[PDB]
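Data block below; observations after.
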Ligand code: CUA
Ligand code: CUA
Ligand SMILES: [Ca+2]
Ligand SMILES: [Ca+2]
Ligand SMILES: [Cl-]
Ligand SMILES: [Cl-]
Ligand SMILES: [K+]
Ligand SMILES: [K+]
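Residue numbers (the entry's author numbering), protein chains in the order written: chain B, 58 to 638; chain A, 58 to 638.
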């Protein structure tokens, strides 16, 4: 199978990698494993001015004050259990956010901070009938209200919540209070059920305490029952949030009608739905197993028709040491990372189910050594009913000697594995920065990208609205609007000249520069940097970008195009002249 | 030759890429072209906390307020015209800086704002007898003083300057005023001479006016004469800067002792010393030529033995449309980018010289089409007398259709070219983010990196010193020091436990957390992230890092390790508890 993409040739799949602790999203070509684009999300990017521009800061809201993020889980919007290629969503663990990327422009266009929670970790998407909800985990137990009066985790009102976000609006839709905590999550192929893993059912703060129970659980959610309760107006609110809050804890040994708790050993981690829709598969982590829950049996569990919640367990196969995550080939095989054994294990799901019933059978097909200590793994289209069993990426945490020494900080090793055959063949070691935990692959024909910006694009629609209030037509105009010590420069840009090449202001004036790239040629980006003022942004073809800064320094100050756009690029410059105070 | 590095195999060269206007430095393996490591410099890195930690902000001094940078020209220190692998230096055009990276730890350790200039662009290093000076071009003409009294570029005191920095101390060494401006620069193989290109001899501000005269110049500096005058006290200063400033402007048609101006067509760009040390070669940009200055002849120019400045020009080969940069194979051939023709032209230098002298020889050997619009190119070891003629990287600005569509903003195309034989051949297309401009390659055996940190490392020595004062032994202690409204947490970390797992502070306190990674095994890095507090940092084996922030939010606040360090990493957490107002 394939492997080398020589000059002129194109990759077959897009990869969307999390940037990890660095905070961005990265687009790669598969199987070349080359990075094609960096998508700034929670990081501040000097190149594009994400985190610096008015458009980007507006999307971020108040969280624009944070220079950091921590992502793990990129996921693509679906329709009928199939990628529709409209949206990618990703978590921020550091500052408790969920972000949307529009796959047509390859930019983050929505960002929300989840209210009344701490640490958005696990995140996956509703599959069916489509991605109406972004389900997202809040990992850490906190007091409610968190005012510094109560610190106890055991306190009745100390808990965390499972979060649902409207995918289209990017507003909270509801929250569910749970016992224990939440790690990872996934969703069924009907839209009625979602599940999440929990490693801290003990509600402990110390290391030994979190490991005390032999089993924790995966909590199952009846999303339909939840929605009906929100609709009937049976919910509460907390503090300053309008978000409907539902109670999915167990009261006095009896289930809330929103949730079921299926005990699972031990500090489980991964929570993955098989591509046939049959199973939620929890990776056992401290237990050398996966637990297979049958979605088939879930209606009966919620209709109180099953004696023990363990009855929905249909398979609990032994796999090896340190199972973290599971993916699928769409041929009936599951593939699990074993962190401690440092392997990917390939196993037949339906044979494990047989084994659980006592049938004598070898469900393990193969173990492949990886280098080293795999966390997540991802097989192409695994999260869809179209899982194609072609490629597998295993993202390993310790690269040791697999790449040249680069000092005491090492890269992660994301290894491309051929899975189209009976035998898994390691094909490529891919060094990556700042620990992408997980990734997702899409067919090339599943992604449709704008070649150039449309002038009515929502991304800078507010900046367009500001321009009309000024009677400024962005497509044509090159003017300076003055309003107190506010200065609003509006300009066209065209390789190799700025539409406005000089302007004068007073020391202390607040300057906003709005640039519209009127070039029609694809790939002709411009940039705008103001020297010694910490101002930098990108303006791609047919885009409008704006940036606000203070001219605290008197004198002549140069602004230049940062993007090489033309033979006379070095000369694409202008002058801001600041009068003394 | 080569091309493919498979699993378990290692690259043959280190590549060091400028991150462009993204702001960082990137480490690659050649010939795989894979990104092994990112070294944050002018960017804020959320992963390692560069820009957030006290160690980094201290290195950045006052400029730590800037979140942006624009880097172009990475260069490795040399000893007797050969790489010595101690430091890499890089410019920042956007905020007028020069950074130093220690190649043993792959971190930026020193950073200077260059006084009284605007935009540090061109940069190269003294070659022989070693890298004593870092030379850097300030590109834009500004008034002196720059206080908003004069804006006219034609004024007696409106000018830019050439800069010399002591490579070891990272202090200013001297500055030389020049006419016109400064684009790129290189140095000879003796230490006496340096050269720079100028494209704005007209001192205009508009596009047409910068293209006014058919020639500008390269300006040659006599570093020995400059050093002679500085120690003979003969220098001026500008404002509050101690930096010795010398005048290299032409007076009334008469030269200064420090410079000579050699007319060159037209808006010349790249300035490159050949590997035999015979030529400063300037790429012609608007002239379809390059210009060859015989370094041989510079002593007679400066001594007044030569009739006219053009006498040091021993070659002006016609090469094609829009020459930008030149590199060398160490076989007598030069390789020049043609931005307009989109080609690398390979040519024989000695033959070009003989063709300027009259002889009719075809000095052009080959033209290779590149994709598309190349800027810089770099041949392996080209800046040393060991130029090995094996690899060539042409860094092109328009990727067009060469990679998968990823939206309106396109990657750059950095193309690996095999030049070890007689014919240049294109072997690999490497997509890169944010316009890397230039890059430098080094033999594997030229770089030596630390596997773990030394406890006594200068990088965090100030933090060690501060620890003494509080009475703290960093290798062992887990303490909290109260000092008014300032709390100073010291802790060791050892997978998978923080040394301090909870602390309590009062609303409003200034909390400094200092972490020392006492793990002994390589690659066992830890992280530190305070949830919803914009706090994030790396701590690698044997390192001490510190971050300061304001606990302004009452309640329970989780901190967690961001770097996957152990099987129980998810559980490597801690609590900050904040006592109400
Ligand atoms: Cu616009 Cu370079
Ligand atoms: Cu320490 Cu993860
Ligand atoms: Ca547990
Ligand atoms: Ca000129
Ligand atoms: Cl998962
Ligand atoms: Cl150059
Ligand atoms: K690591
Ligand atoms: K480009």
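For every residue, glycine included, the Cβ atom is placed at its ideal position computed from N, Cα and C.
- Taking C-alpha positions only, residue 605/A is separated from residue 520/A by approximately 12 Å.
- With 16 or more other Cβ atoms inside 10 Å of its own Cβ, residue 344/A counts as buried.
- Residue pairing of residue 555/A in beta bridges, as defined by DSSP: 550/A.
- The beta carbon of residue 105/B falls within 9 Å of a beta carbon belonging to chain A, placing the residue at that interface.
- DSSP places residue 245/A outside both helix and strand once states are collapsed to three, so it counts as coil.
- Between ligand 2 and residue 626/A, a heavy atom-to-CB distance of less than 8 Å is present.
- Relative to the Cα of residue 611/A, the nearest Cα in the group 403/B, 322/B, 201/B and 256/B belongs to 201/B.
- For residue 594/B and residue 172/A, the gap between their C-alpha atoms comes out near 25 Å.
- A Cβ-Cβ contact shorter than 9 Å links residue 431/B with residue 400/B.
- As summarised for the segment 199-238 of chain B, there are no continuous alpha helix (DSSP H) elements at least 4 residues long confined to that stretch.
- When secondary structure is reduced to three states using DSSP, residue 399/A falls in the coil class, being assigned neither helix nor strand.
- Three or more beta-carbon pairs separated by less than 8 Å link the segment 574-585 of chain A to the segment 543-563 of chain A, which places the two stretches in contact.
- Under a criterion of Cβ atoms nearer than 9 Å, the residues of chain B adjacent to residue 71/A are, in order, 461 and 463.
- Distances from the CA of residue 309/A to each of 155/A, 213/A, 225/A and 634/A were compared; the closest alpha carbon is that of 213/A.
- Judged by the Cβ position, residue 256/B qualifies as a neighbour of ligand 3 at the 8 Å threshold, a heavy atom of the ligand being closer than this.
- Contact annotation: the segment 114-125 of chain B does not touch the segment 485-498 of chain B, with fewer than three C-beta pairs closer than 8 Å.
- Put simply, the segment 172-185 of chain A touches the segment 242-254 of chain A. At least three CB pairs are less than 8 Å apart.
- When secondary structure is reduced to three states using DSSP, residue 502/A falls in the helix class.
- Flagged as an interface residue toward chain A: residue 504/B, by a C-beta distance shorter than 9 Å.
- Per DSSP, the continuous alpha helix (DSSP H) segment holding residue 117/B begins and ends at 111-117.
- At a cut-off of 9 Å between C-beta atoms, residue 637/B counts as an interface residue with respect to chain A.
- Between residue 268/B and residue 324/B a beta carbon distance of about 6 Å is seen, short of the 8 Å cut, so the two are scored as contacting.
- Judged by the Cβ position, residue 602/A fails to qualify as a neighbour of ligand 7 at the 8 Å threshold, every heavy atom of the ligand being at least this far.
- With contacts defined by Cβ atoms closer than 9 Å, residue 423/B and residue 451/B do not form a contacting pair.
- Residues of chain B whose Cβ lies closer than 7 Å to the Cβ of residue 336/A do not exist; the shortest such Cβ separation is about 23 Å.
- The alpha-carbon of residue 404/B is positioned some 6 Å away from that of residue 392/B.
- Distance between residue 114/A and residue 155/A, taken at the CA atoms: about 15 Å.
- Between residue 278/A and residue 305/A, the C-beta gap is smaller than 9 Å, which places the two residues in contact.
- Per DSSP, residue 413/A is one residue of the alpha helix (DSSP H) stretching across 406-413.
- At a cut-off of 9 Å, the C-beta of residue 308/B has no neighbouring C-beta in chain A.
- Residue 81/A carries a coil assignment under DSSP once its states are collapsed to helix, strand and coil.
- Using a Cβ distance threshold of 9 Å, residue 484/A and residue 211/A do not count as a contacting pair.
- Residues of the same chain with a CB within less than 8 Å of the CB of residue 216/A, apart from the 5 flanking positions on each side, are 198, 199, 201, 234, 235, 236 and 306 in chain order.
- Residue 523/B: member of the alpha helix (DSSP H) spanning 518-526, first to last residue.
- Counting other Cβ atoms within 10 Å of its Cβ, residue 60/A stays below 16 and is therefore classed as exposed.
- Ranked by Cα distance from residue 97/B, the first of 106/B, 206/B and 494/B is 106/B.
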